[PDB]
Amino acid sequence: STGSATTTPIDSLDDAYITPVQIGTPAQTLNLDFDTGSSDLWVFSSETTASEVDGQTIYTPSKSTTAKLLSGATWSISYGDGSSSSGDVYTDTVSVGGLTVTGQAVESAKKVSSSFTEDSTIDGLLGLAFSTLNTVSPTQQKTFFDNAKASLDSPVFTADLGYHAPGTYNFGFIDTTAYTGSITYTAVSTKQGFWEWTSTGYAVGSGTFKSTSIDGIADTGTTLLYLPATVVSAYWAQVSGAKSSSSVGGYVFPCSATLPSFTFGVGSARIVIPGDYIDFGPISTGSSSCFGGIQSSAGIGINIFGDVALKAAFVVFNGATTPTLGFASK
Ligand SMILES: O=C(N1CCC[C@@H](O)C1)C1(c2ccccc2)CC1
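So this is what it looks like as structure tokens:
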């Protein structure tokens, strides 16, 4: 089997991407944030504290003939940005782009943090990291990909995120028309439950490439590119007027600037992120200070190849017995 679904930016800045997902019988379609950095499929629901729902589409298990309460099971998760949600668990039929999993754990939110309430465009998350990170207790549950894997034509999914444009998540096949040149594959460590890999270095603009190992995660659920402070300083040094602002929470730059590209290594191959992809616009409405898309990972504890990086590439998440990651230009 295979599945193919379009993923759409939630706003003009590509702050996140949403992908329609069918849950239950008859289908209830929710727009979920596919997140390769976590492993819970959770949704706004009829059980979510009413004051914490503001425009989201909710899953109502009592209206689904295939929903079954997973007795005794609860979940609770916190994300890198300090957001969180928690609740109880149903199993139900879940389809993405024509690919159906029966008995998928669908984590129903009783509580969500303010950041989720305030984003009317995201109805939940669909985790695509390794199932070892799944938070369901006392019986850990499998991700949608982990459940679908054995039925797929090939045990893979691909992320093809657009810059200010829709893109695609494919399950079970590699669309050879969706990228240029060849896909370069690179080793993955699953020890922390992430799609963790080691970039071979970087370049800033037309500068010379610096060979250096940068260990990080491929995370579709993180907006920006978070890299070591040395690397980030070298980037922003090439933008007149750019500075790290403690008050704003990272590097900012004059909105009148033309940003240089940033290149990252994947083995001997190179992925080029155009300068425009690094512009996240005014820090507040009407400001001439703009927020940068490349930021320091110093305060995080891990480097994160988020959407800014991934949208520059066609990315293969290969879930074979020994997982790997593949990157191609497009
Ligand atoms: O809605 C979110 N956004 C991310 C920040 C920019 C916003 O436009 C979108 C939040 C989120 C999404 C996915 C994972 C963790 C947190 C904070 C709730």
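For what it's worth, the entry's author numbering labels the leading residue of the sequence shown as 1, then goes sequentially.
The C-beta atom is built at its ideal place from N, Cα and C for all residues, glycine as well.
Reducing DSSP to helix, strand and coil, say where residue i ends up.
i	result
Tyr277	helix
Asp92	strand
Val231	helix
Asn31	strand
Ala309	helix
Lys68	strand
residue 331	For residue 331 there is no data in the structure shown, the boundaries of the chain being 1 and 330.
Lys63	helix
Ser151	helix
residue 371	What the structure shows of the chain is the stretch from 1 to 330, and residue 371 is not part of that stretch, so it cannot be assessed.
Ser296	strand
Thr324	strand
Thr190	coil
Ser244	strand
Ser287	coil
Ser86	strand
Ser131	helix
Taking all protein chains shown into account, decide if residue i is buried (16 or more other Cβ within 10 angstroms of its Cβ) or exposed.
i	result
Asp88	buried
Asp33	buried
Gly172	buried
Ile300	exposed
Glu196	buried
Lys142	buried
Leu69	exposed
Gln192	exposed
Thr220	buried
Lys243	exposed
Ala165	exposed
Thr135	buried
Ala298	exposed
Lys63	exposed
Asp119	buried
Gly181	exposed
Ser287	exposed
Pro260	buried
Would you say the beta carbon of residue i comes nearer than 8 Å to a heavy atom of ligand 1?
i	result
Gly221	yes
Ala16	yes
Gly80	yes
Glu107	no
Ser113	yes
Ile122	yes
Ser83	yes
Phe116	yes
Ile10	yes
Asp276	no
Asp35	yes
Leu128	no
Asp54	no
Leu125	yes
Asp175	no
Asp119	yes
Sort the options by Cα distance to residue i and report the nearest one.
i	options	result
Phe262	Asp54, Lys243, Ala203 and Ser120	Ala203
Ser329	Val231, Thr177, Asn303 and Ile217	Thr177
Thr258	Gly265, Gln238 and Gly181	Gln238
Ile77	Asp160, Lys110 and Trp236	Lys110
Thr57	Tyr163, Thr121 and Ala187	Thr121
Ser247	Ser284, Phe145, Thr230 and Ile294	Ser284
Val112	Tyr90, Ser45 and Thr100	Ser45
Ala187	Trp42, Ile217 and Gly55	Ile217
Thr74	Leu30, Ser206, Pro138 and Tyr277	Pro138
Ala50	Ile10, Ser114, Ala129 and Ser233	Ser114
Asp40	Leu126, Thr8 and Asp146	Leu126
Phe209	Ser154, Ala165 and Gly267	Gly267
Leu225	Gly201, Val316, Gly292 and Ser83	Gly292
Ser38	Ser151, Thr132 and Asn318	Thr132
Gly55	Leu30, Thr25 and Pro61	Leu30
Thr36	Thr322, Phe317 and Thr324	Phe317
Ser213	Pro20, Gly207 and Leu227	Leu227
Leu128	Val308, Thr93 and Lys149	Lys149
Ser83	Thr222, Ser211, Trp236 and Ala159	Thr222
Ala269	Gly241, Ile183 and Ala27	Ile183
What is the residue span of the alpha helix (DSSP H) that residue i lies within?
i	result
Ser114	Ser114 to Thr117
I need the boundaries of the beta strand (DSSP E) containing residue i, first residue and last residue.
i	result
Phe144	Element bounds for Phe144: not the beta strand (DSSP E) but the alpha helix (DSSP H), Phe144 to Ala148.
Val53	Neither: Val53 is in no beta strand (DSSP E) and is coded neither H nor E.
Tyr202	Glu196 to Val204
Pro26	Segment: none, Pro26 is in no beta strand (DSSP E) and carries neither H nor E.
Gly250	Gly250 to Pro254
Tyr179	Neither: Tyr179 is in no beta strand (DSSP E) and is coded neither H nor E.
Quick one: does the C-beta of residue i sit closer than 8 Å to a heavy atom of ligand 2?
i	result
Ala73	Looking at this structure, you won't find ligand 2 anywhere; what it does contain is ligand 1.
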